[PDB]
């Protein structure tokens, strides 16, 4: 077992091909399935796992009532092989209402945040044991990525924020070796609010695309140097912006450096990645709600401010159907590093009042150098047939 270095070129990407779907809401109506939100995917050198924050209950269960809330002492991080739905034999790997996980080539790191809003604790669990912890620095909901961290040569990086959801906050990037925090770098650069980073290896460093919850509907970028620990930050250049809410495609803007101040408050976790001058990105189809999901390439979208020249659109979830969070993960192939993404498909309250609970299923796609057609892969639960 050697440490991952991710020192291969990024794979050619012509778009994305179907990879996985768990259909967990449909199954919940005829089986004991965990209530979840904030899912993600991360893979060890051999195989992929799906993760989510449990609500400490199954769906067909009186405890599922009012599971819309984000933070309780009963939330734990679930971990199954990808494609295995969260049944009662699912392992809860730590106590968490915010998490990030990654494999360094040798073992799994889990970063798990729980406790009081005003004084939370993050535990660092590596190779099945607790190695480190840190208390809240700003005493206002310490929180992390809700997707995979990234490790190079045994140094794993994870982005965490503490402080306001609607003003300047204190974001820090932790460097972790075999579960031990060896360095913490405060955020630097021009990103003005950073949450829920979707990070990927871009040898020799790590690159993240995140959520600005304050003034931006354009997505922040954070670049992390694992050798000198320097942090830089800015915004995705693309004038087709990635956050929800946002303005329409003709009114939206981004000039690469500053929050656009266009329906900037609130947000959704999302992702994008660079290919030379171009960007690949996903987003909800709706500009207001977490409904629909589309991916596309913006020509010049990485290096040219405010570019809106799109190509290679794919519908992942049709506009009539609910989506949610999305995030990136990276998979090492024979000769290149591939980029994949998941979409959380949220069902229940508050939007759907037919039931009392709030949960999600997942759908997953991976980059391809081949060809593909079209479809739509929504949750598929019939809200009127569900246990309430």
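Positions refer to the first chain, counted from 1.
Of the candidates 257, 110, 283, 219, the PDB record gives 257 the highest C-alpha temperature factor.
Looking only at 54, 333, 39, 327, the residue with the top Cα B factor in the deposited structure is 333.
Remark: residue 323 belongs to the middle third of its chain, ranked by C-alpha B-factor as recorded. In this PDB entry, the Cα temperature factor of residue 338 sits in the bottom third of its chain's modelled residues, the lowest group. Sorting the modelled residues of the chain by their CA temperature factor places residue 11 in the highest third. When the modelled residues of the chain are ordered by their C-alpha B factor, residue 351 lands in the highest third. Placement of the Cα temperature factor of residue 198 within the chain: lowest third of the modelled residues, per the deposited record.
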